[PDB]
2 protein chains.
Amino acid sequence: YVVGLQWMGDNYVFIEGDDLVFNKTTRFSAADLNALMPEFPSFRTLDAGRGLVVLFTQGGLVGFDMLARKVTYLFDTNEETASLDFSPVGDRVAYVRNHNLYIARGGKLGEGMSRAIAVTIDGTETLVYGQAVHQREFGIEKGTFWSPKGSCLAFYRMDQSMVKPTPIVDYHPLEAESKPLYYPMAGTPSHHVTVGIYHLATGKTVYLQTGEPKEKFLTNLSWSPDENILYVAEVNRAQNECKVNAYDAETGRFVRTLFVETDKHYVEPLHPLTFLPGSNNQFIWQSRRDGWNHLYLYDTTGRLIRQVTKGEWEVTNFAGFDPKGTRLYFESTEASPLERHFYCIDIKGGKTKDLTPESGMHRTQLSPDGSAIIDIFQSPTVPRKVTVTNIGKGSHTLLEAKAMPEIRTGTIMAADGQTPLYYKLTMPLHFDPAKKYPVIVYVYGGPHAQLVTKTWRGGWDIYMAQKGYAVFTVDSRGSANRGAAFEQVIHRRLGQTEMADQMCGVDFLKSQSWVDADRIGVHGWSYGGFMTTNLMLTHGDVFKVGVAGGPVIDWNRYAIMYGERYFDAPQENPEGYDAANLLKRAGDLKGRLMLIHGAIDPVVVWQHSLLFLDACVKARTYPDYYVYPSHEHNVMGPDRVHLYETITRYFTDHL
Amino acid sequence: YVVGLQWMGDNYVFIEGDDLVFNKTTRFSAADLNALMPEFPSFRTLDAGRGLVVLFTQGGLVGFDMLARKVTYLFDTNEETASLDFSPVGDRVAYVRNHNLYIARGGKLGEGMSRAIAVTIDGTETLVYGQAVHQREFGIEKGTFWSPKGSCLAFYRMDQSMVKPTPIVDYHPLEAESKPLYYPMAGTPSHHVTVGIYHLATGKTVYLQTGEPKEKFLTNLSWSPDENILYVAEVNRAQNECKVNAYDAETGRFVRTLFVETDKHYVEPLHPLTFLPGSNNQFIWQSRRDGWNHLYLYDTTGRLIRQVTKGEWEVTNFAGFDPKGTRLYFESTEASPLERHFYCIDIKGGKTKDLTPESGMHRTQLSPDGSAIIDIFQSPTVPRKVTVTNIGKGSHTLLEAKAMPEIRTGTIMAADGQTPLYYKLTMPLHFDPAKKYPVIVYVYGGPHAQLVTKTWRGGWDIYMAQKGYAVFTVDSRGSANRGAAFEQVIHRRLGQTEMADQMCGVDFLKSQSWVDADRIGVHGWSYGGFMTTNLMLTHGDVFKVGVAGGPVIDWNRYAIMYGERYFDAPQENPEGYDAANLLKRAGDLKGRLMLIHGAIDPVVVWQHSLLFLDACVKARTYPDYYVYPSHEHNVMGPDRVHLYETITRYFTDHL
């Protein structure tokens with residue numbers, strides 16, 4: 001590891017416990033910095049180009065210019081840190097505190113402080129401001145969006161007063177305390193999001209006139225460079241139409257629909273418009289419309305200039321432009337879906353140039369000037385290789401790293417007999433081919449994830465293998481980075497294809513002489529917990545033992561914005577929902593299955609596993625259980641040791 | 001079984017599927033009865049003397065005179081059945097519906113109906129009328145108390161707005177729904193109960209002027225025969241003082257304190273004043289003041305005439321008087337604490353006469369005229385023997401009943417080396433003395449219960465024994481029907497003596513050659529779940545495997561009215577509470593323990609077991625779990641099969 005490796009101006013920078021080291025060598029010490037403070041530490045980089053960061057300290061935030069080596073501003077956000085969103089000007093920060101949105105202005109060293117401005121005053125339990133909405137679907141990670149010159153702050157306003165909440169119970173007080181979680185379930189009334197724009201110069205707020213239906217999803221907010229227009233990708237409840245619309249930032253009025261995308265199954269916008277350098281009129285839009293995620297060049301009237309990238313592979317990260325905006329830089333699966341390389345392509349399209357040719361996983365940062373890249377590489381044979389490259393040519397290696405369980409990899413055919421699936425197999429520690437071994441299928445299988453890549457490597461497979469158990473994983477159809485067709489086969493039919501493909505994995509395991517076919521188990525979390533449970537109920541003669549963590553059990557109880565994409569609405573798809581409703585098949589549990597839930601899980605509500613145990617009571621079947629009362633969806637931190645030991649012992653006891 | 005065996009007038013009565021049979025023989029058929037209905041079934045007897053019952057039917061209640069064979073009244077209680085309390089006059093019924101107390105008047109066959117009267121109108125979530133209060137401690141089972149001539153209805157009013165509630169979550173709706181349970185925990189603010197009296201003739205309500213502290217416990221409401229005075233046994237928060245006070249029923253004014261009882265540890269009134277036949281001036285009061293529950297004769301000024309019963313044994317049921325009120329009839333432990341016999345004693349005291357001399361458990365009903373008794377008897381050798389006796393002499397036997405696991409019984413010394421404890425031991429099915437067997441201690445050990453009596457017989461011990469496991473139970477000190485000294489040793493020190501005595505049980509088991517000393521387990525529910533868990537943590541080298549159902553884990557989270565009696569308040573007793581707080585010792589769990597909870601348990605809140613699992617996470621120890629989301633404190637009905645199989649398999653898997 002090379003702590004905090006990143007660009008600052010035209011220098012690449014990393015920490016050495018005490019120093020921050022710059023190269024294009026200069027060195028900046030924690031004591032040098034400490035001397036400059038008002039009253040090597042951790043920081044958040046605000047502006048890589050300018051090397052502007054913020055330092056989290058006792059009594060407030062200190063902005064710091066690492067290139068000038070000078071304090072910029074002190075910020076007082078009343079101890080709020082989670083929702084911090086600094087203006088691109090660097091001298092103001094937005095945050096949410098006790099339900100409301102505020103802007104705090106930075107104070108110059110010893111020039112006194114100003115009281116923060118309240119953008120909103122009526123925030124409440126059912127009226128949420130400046131936070132993520134739509135259950136963080138559609139790439140939404142926050143609810144504040146500064147205009148690029150800092151003149152305005154756009155923000156979400158989510159009225160969830162029509163959403164029927166779920167109790168989230170804190171068991172630690174003397175008497176347990178419940179708080180409502182406004183988690184909108186499939187087929188129910190959604191929340192109503194609108195977008196406000198607060199104009200800093202006048203203190204006026206205008207709301208975008210997004211109109212009806214009020215449930216429409218307002219995603220990928222993207223400001224025009226000149227701050228006159230705020231663009232929004234609006235998605236309908238069916239999730240088969242996305243309209244990219246322009247709104248006037250001064251009045252909130254609708255201006256025009258630039259373009260509309262539609263899909264047989266679903267459209268899923270995940271990334272904002274990105275304007276070309278120096279341009280207010282041209283932008284890149286990511287779209288999976290042709291079956292593969294690609295980069296499209298548009299003007300602001302909505303006219304498509306050209307598809308810039310194309311091929312039966314997907315762009316997985318858009319990194320930006322050359323200064324002239326004549327080239328695009330991005331990460332993609334072009335080399336292989338099991339790999340990630342960094343590429344250059346002419347804005348006019350045509351041939352990609354792979355800038356990180358070595359076979360495996362590259363994670364790459366383009367410098368602020370667009371002239372160089374930091375590259376961090378790993379492969380099954382290479383633990384870590386850190387390169388810095390002046391784009392054509394001159395690569396400089398900065399770092400290279402050099403009984404454990406054997407990992408085997410390969411391909412099997414999916415249940416269609418045509419589609420190749422990639423698998424990884426962690427062999428028992430000290431594996432002996434003369435011996436028979438139990439094996440656990442570790443499954444996820446849900447959209448957006450891909451578990452099998454050409455990496456060096458959260459190590460539960462290795463722990464299990466150390467206890468003498470092989471662990472097998474296969475990326476079944478439904479999984480990611482293989483194009484839309486490979487994913488969308490699951491539409492309206494969750495579990496069906498996924499399980500058919502996982503059984504192809506089992507066919508492969510049973511073809512291995514060293515596999516004890518009577519000692520096959522299964523483990524997964526979330527979609528993986530749904531899959532674990534579904535496989536035990538559906539293939540109960542095969543799967544002897546399973547452990548299902550935070551499992552989805554009834555998709556009618558999953559959040560609207562995720563579940564209705566892949567499954568449609570419960571009213572539109574009773575047959576598909578019914579087939580995946582594991583409560584209806586609890587009587588088919590004939591093996592040993594432990595369900596595990598964090599009690600305060602806001603992703604898969606606790607009710608899922610509790611109702612399964614309830615269904616098993618009625619059906620006279622006999623699962624086991626563990627609850628982590630202090631944890632949300634996943635068990636995080638040191639308690640993860642307890643989790644691994646609980647899961648592992650369940651398998652060593654019963655499988 | 002002889003279905004519904006009871007007195008009606010001077011006849012004893014029982015059902016024969018179709019007939020109701022009377023003897024002093026007459027027979028009354030379901031078709032005879034059905035012909036008399038407006039528009040053999042189940043009924044509730046209202047007045048045994050008059051043979052007046054009520055029949056629960058589609059569309060309302062039908063009162064019926066079984067001696068006259070005539071319908072009395074039809075009652076419309078808007079489908080409320082749980083809270084029904086019929087006037088002793090027989091023609092009105094009180095009940096609680098949607099928070100409020102009502103009186104419905106019976107309607108004579110085809111004479112039309114009248115609308116019920118609302119006694120209260122402001123009942124609410126935090127203001128409870130006509131229901132049990134004080135967590136059903138102090139013998140409180142209901143919240144309505146008719147005056148003996150039906151002129152007035154006294155009732156509880158419980159303001160619980162100062163009690164911090166616990167969430168009880170219903171998981172069955174689409175989104176789970178929480179309702180607050182106003183369960184007042186040890187050391188916290190209690191609810192405020194007052195007593196209203198509704199006068200039927202005037203429609204006026206007066207409240208007793210019970211005064212301060214408002215938290216005082218108002219128990220064992222008892223009307224004077226002439227309806228002028230309502231007596232109340234008031235208990236202080238410390239539970240070491242009980243004042244029996246007279247209040248004027250017309251005005252609610254305090255009249256006088258008749259007598260006060262105090263105790264080093266606690267006083268616990270459990271039974272109402274019972275007036276002598278034909279007397280407004282003399283009554284029997286039950287009291288454990290001398291160390292043993294006995295019957296005391298008082299006048300209404302509060303002057304004690306005499307202790308009527310005395311001895312180192314306890315009255316366990318007061319059955320009533322001879323018509324003249326010169327004799328008392330009651331059940332007691334005089335023969336043996338392992339037995340129950342029915343006795344006569346002169347009101348002047350002196351020598352008891354045992355009316356049911358045969359060694360074992362007699363359950364006896366004195367006839368309305370006090371001249372005869374129905375007796376139902378069982379012993380280890382006698383399954384069921386049903387006698388009817390004209391009191392001296394002439395006993396008439398009405399019924400007598402005649403590989404399973406062997407049950408052994410005996411005595412061991414408690415940890416004091418002095419006090420005898422009685423045990424029962426269910427031997428493995430097909431027990432072989434040459435063999436070694438695992439054994440499970442089934443423990444309760446809490447106050448008010450006594451698990452080892454001289455009976456024929458809920459059969460979990462037998463099921464376990466059928467799986468090859470011996471089950472042992474011993475009534476340790478703290479348990480019931482052995483006098484106050486035997487019970488009160490636990491005061492301020494819950495678990496300590498109880499466990500010392502249970503370990504004497506283990507010493508005894510280890511002295512048996514056929515006991516595998518390395519395969520000892522433990523199971524119990526409620527106080528028994530606390531004891532199971534405490535024994536595993538305290539004696540982890542002995543108890544390999546346990547299953548603890550609805551367990552108390554932190555006594556600070558038990559209800560005030562029970563916990564503060566035995567433990568004092570948390571602020572008064574940090575050392576004792578701390579020693580019993582199983583959350584503090586979760587790191588001592590080194591065996592296999594499954595905790596089981598009903599999610600909607602209003603007795604031991606679910607939080608107890610959840611916090612233990614939480615404590616085990618932090619302590620890195622590894623319990624197992626099951627939750628019955630649809631069940632309260634105990635699993636009832638068919639689902640009890642699932643429970644037994646879950647508990648049994650835990651032991652057959654791990655012990």
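Numbers restart at 1 for each chain; the letters A, B, ... are given by sequence-line order, proteins then strands.
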Closest-packed option against chain A by number of heavy-atom pairs under 4.5 Å, given [options]:
{"options": "B/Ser609, B/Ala599, B/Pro638", "value": "B/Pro638"}
{"options": "B/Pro180, B/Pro173, B/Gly187", "value": "B/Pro173"}
{"options": "B/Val169, B/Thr166, B/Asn556", "value": "B/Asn556"}
{"options": "B/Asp639, B/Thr646, B/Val641", "value": "B/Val641"}

Pair [X] + [Y], salt bridge at N-O below 4.0 Å:
{"X": "A/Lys179", "Y": "A/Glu125", "value": "no"}
{"X": "A/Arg565", "Y": "A/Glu137", "value": "yes"}
{"X": "A/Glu575", "Y": "A/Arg492", "value": "no"}

Is a donor on one side and an acceptor on the other found under 3.5 Å between the side chain of B/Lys544 and the backbone of B/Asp541? yes
Between A/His608 and A/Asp554 (side chain of the first, backbone of the second, donor and acceptor by atom type, cut-off under 3.5 Å), is there such a pair? yes
Determine whether A/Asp159 and A/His192 satisfy the following criterion, side chain to side chain donor-acceptor pair (under 3.5 Å), listing intermediate values before the conclusion. CA-CA 5 Å; A/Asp159 174 2; A/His192 294 175; 5.0 Å; no
Mind checking whether A/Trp606 and B/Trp606 have parallel, tilted or perpendicular rings, split at 30° and 60°? parallel
Which one of A/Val545, A/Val547, A/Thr533 satisfies the side-chain contact (heavy atoms from CB on, under 4.5 Å) criterion with A/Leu593? A/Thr533
One pair to check against side chain to side chain donor-acceptor pair (under 3.5 Å): B/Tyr562 and B/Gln239. What are the steps and the verdict? CA-CA 10 Å; B/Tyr562 176 105; B/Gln239 299 196 48; over 6 Å; no
Atom group of B/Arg640 that falls short of 4.5 Å from chain A, counting heavy atoms: neither
Per-residue contacts, residues 648-655 of chain B versus chain A, heavy atoms under 4.5 Å: B/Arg649, B/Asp653, B/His654
Interface residues of residues 612-631 of chain B facing chain A - heavy atom cut-off under 4.5 Å: B/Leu613, B/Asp614, B/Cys616, B/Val617, B/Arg620, B/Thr621, B/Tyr622, B/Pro623, B/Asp624, B/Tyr625, B/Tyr626, B/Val627, B/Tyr628, B/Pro629, B/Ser630
In terms of heavy-atom pairs under 4.5 Å with chain B, the winner among A/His172, A/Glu645, A/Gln607 is A/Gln607
At a heavy-atom distance under 4.5 Å, which candidate from A/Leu643, A/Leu610, A/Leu611 has the highest pair count against chain B? A/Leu610
For the ring pair B/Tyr558 and B/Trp555, is the centre-to-centre distance below 6.0 Å? yes
Residue B/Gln571 excluded, over 12 heavy atoms near CD under 6.0 Å: yes
Begin from the C-alpha positions of B/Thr532 and B/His523 and carry the test side chain to side chain donor-acceptor pair (under 3.5 Å) through to its verdict. CA-CA 6 Å; B/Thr532 295; B/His523 172 50; 5.4 Å; no
Closest approach of B/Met185 to A/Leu174 (non-hydrogen atoms, all atoms of both residues): SD-O, 3.4 Å
